[PDB]
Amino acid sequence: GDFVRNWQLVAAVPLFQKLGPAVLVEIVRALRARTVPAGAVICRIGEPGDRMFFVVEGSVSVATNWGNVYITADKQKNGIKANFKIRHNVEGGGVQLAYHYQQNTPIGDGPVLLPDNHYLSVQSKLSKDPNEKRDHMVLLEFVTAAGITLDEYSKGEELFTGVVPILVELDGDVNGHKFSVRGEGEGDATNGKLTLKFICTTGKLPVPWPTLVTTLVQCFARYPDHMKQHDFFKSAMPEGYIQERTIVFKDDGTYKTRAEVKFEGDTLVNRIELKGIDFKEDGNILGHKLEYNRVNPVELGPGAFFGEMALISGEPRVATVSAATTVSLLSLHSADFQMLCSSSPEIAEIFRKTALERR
């Protein structure tokens, strides 16, 4: 019943052809098949991991950790403040730190939610559209609020109950290099999910796309039920908020940004002015020495696997994995994973090395 199905499906996984038929029958009896709708989260970062997954149809996207955004109320200015560090990989190895200093002030006169101290967890995947000739960035992002212990007996939030279209506009000036970016896409606050594509409309971007991610809509963060009273960003909608930043690149220049974030009709719009000063023309930013996505460069399609890191290390999921298309999965529980690795040292090696490479 399920076995004839999983037996048919397991043919799409060439890793298992490293296996005799009697044993393969036993493995297929332990596999569980799953159809996953396009866009759905399969594994969430920080969750415990009791199984791993083999892709039989479709592809999945891995979104890796970008860090935490630490937020505090600014009750006297009726807004919030945030500070955090971004670690950009340098292409030859090493890291370029970007220290972020942030303040947000509502545009409207009405009261907003002024939160207790908390943070936003961000995971991201950066990619390219193989049919796009312009300089561009395709971006997938998950944003989750956390840091308030869950005791256990805003009107702006109802603007984000579904999928909201987003428009992003940036005029930049870095060491006199002027440039513009336009981006469009959609925000799903219910799942904390951003999917956008950005174009440099003036030609070649004079800085690396990863350094513009933070500047290019925290109102799409998923605030958990017990934290809805701490979501300043949605509470200031629809009139919106001003968001300003100082971004200090260690041993290099600084970005200063001012943005208007607000609804125009049904569309959440983010309009940005950015000025960069004191950059080194042969440094990591103006010299384009930062990795775009070498860490995590591809969706994982048929024959690939994920979820193996937690089973090897015992640590929680290190990344969020979501279906890019409709996905057909076979999952394998932890205990049967250890037996698979024991029965086939070849397969054990493939897992070991892949998990190392991904670490």
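In case it trips you up, residue 1 is the first one in the sequence shown, and so on.
In the deposited entry, the stretch joining residue 194 to residue 195 is continuous, with no residue of the deposited sequence left without coordinates. According to the entry, the stretch of the deposited sequence that connects residue 152 to residue 153 contains 1 to 3 residues lacking coordinates, which leaves a short gap in the model. Comparing the deposited coordinates for 322 to 330 and 307 to 315, the stretch with the larger average C-alpha B-factor is 307 to 315. As the entry records it, the average C-alpha temperature factor is higher for 8 to 16, out of 336 to 344 and 8 to 16.
In this entry, the residue among 244, 186, 281, 171 with the greatest C-alpha B factor is 281. Annotation for 165, 130, 238, 208: 130 ranks highest, by Cα B-factor. In the deposited entry, the Cα temperature factor of residue 58 sits in the bottom third of values across the chain's modelled residues. Among the modelled residues of the chain, residue 199 sits in the lowest third by CA temperature factor in this PDB entry.
Among all modelled residues in its chain, residue 229 ranks in the highest third by Cα B-factor. For residue 259, the recorded CA temperature factor ranks within the lowest third of the chain's modelled residues. In the PDB entry, residue 96 places in the middle third of its chain by CA B-factor.
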